[PDB]
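Asks: Take this structure first; my questions come after.
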Amino acid sequence: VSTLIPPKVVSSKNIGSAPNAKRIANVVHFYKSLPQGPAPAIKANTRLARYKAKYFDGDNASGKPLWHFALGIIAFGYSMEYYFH
Amino acid sequence: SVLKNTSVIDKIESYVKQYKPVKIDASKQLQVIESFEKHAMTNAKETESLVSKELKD
């Protein structure tokens, strides 16, 4: 008999139902987000970090470190091969 | 004047003249309509606060 008032009732529930769950999921991660490679930490030195940076990095990612390890184990084992036989 | 032996035009005219103030305007609603407006104002202001903060976000 009178005029009910829909057009300003969105205060109680934000428009949409499915994207409401994703709103909180995607709005919160943008605060603590790296602008462009912040704190890359590409430089380190712990007597083995240089080897990791030079060979164990994703830029090369080749089979050369495995061959170097094989050569090193051969060099180490030559001495005890002489010692045993 | 077209009617010659009326004997009743005077009566009906007097009745109409006596009943000229047929009734006054009914301006009864002064608070319940105001209640509807204050509810609508509250809804509108909370709505626009929500909208402004959502767009800024």
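Just remember, in the structure tokens the first chain shown is A, the second B, etc., residues are 1-based per chain, and ligands are 1-based in the order shown.
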Determine which residues of chain A sit within 8 Å of chain B, taking into account only C-alpha atoms, and present them as a PyMOL selection string.

Replies: chain A and resi 5+8-11

Asks: Looking only at the backbone, which of the residues in chain B does DSSP tag as alpha helix (DSSP H), as a CSV table (one decimal) with C-alpha atoms, in the first residue's frame?

Replies:
```csv
chain,number,residue,atom,x,y,z
B,9,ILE,CA,-34.2,26.7,-5.8
B,10,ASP,CA,-33.9,29.0,-2.8
B,11,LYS,CA,-33.9,26.0,-0.4
B,12,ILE,CA,-31.1,24.1,-2.3
B,13,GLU,CA,-29.1,27.3,-2.7
B,14,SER,CA,-29.3,28.1,1.0
B,15,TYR,CA,-28.3,24.5,1.8
B,16,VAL,CA,-25.3,24.8,-0.5
B,17,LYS,CA,-24.3,28.2,1.0
B,18,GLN,CA,-24.6,26.8,4.5
B,32,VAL,CA,5.0,8.8,11.1
B,33,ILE,CA,6.0,10.1,7.6
B,34,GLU,CA,8.9,11.8,9.4
B,35,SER,CA,9.7,8.4,10.8
B,36,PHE,CA,9.8,6.9,7.3
B,37,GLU,CA,12.1,9.7,6.2
B,38,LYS,CA,14.5,9.3,9.1
B,39,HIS,CA,14.7,5.6,8.4
B,40,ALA,CA,15.3,6.4,4.7
B,41,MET,CA,18.0,8.9,5.6
B,42,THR,CA,19.7,6.4,7.9
B,43,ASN,CA,19.7,3.8,5.1
B,44,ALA,CA,20.9,6.3,2.5
B,45,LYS,CA,23.8,7.6,4.6
B,46,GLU,CA,25.0,4.1,5.7
B,47,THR,CA,24.7,3.0,2.1
B,48,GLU,CA,26.8,5.9,0.7
B,49,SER,CA,29.4,5.5,3.4
B,50,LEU,CA,29.7,1.9,2.4
B,51,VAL,CA,29.9,2.8,-1.3
B,52,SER,CA,32.5,5.5,-0.8
B,53,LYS,CA,34.7,3.3,1.3
B,54,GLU,CA,34.4,0.4,-1.1
B,55,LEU,CA,35.4,2.4,-4.2
B,56,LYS,CA,38.3,4.0,-2.3
```

Asks: Could you work out how far CA of residue 48 in chain A lies from CA of residue 65 in chain A, giving the answer in Å with one decimal?

Replies: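 Here the two named atoms are 13.5 Å from each other.
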
Asks: Have a look at CA of residue 1 in chain A and CA of residue 23 in chain B and let me know their distance in Å, one decimal.

Replies: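 Spanning CA of residue 1 in chain A to CA of residue 23 in chain B is a straight-line distance of 25.2 Å.
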
Asks: In Å, with one decimal, what is the gap from CA of residue 3 in chain A to CA of residue 28 in chain B?

Replies: 18.9 Å
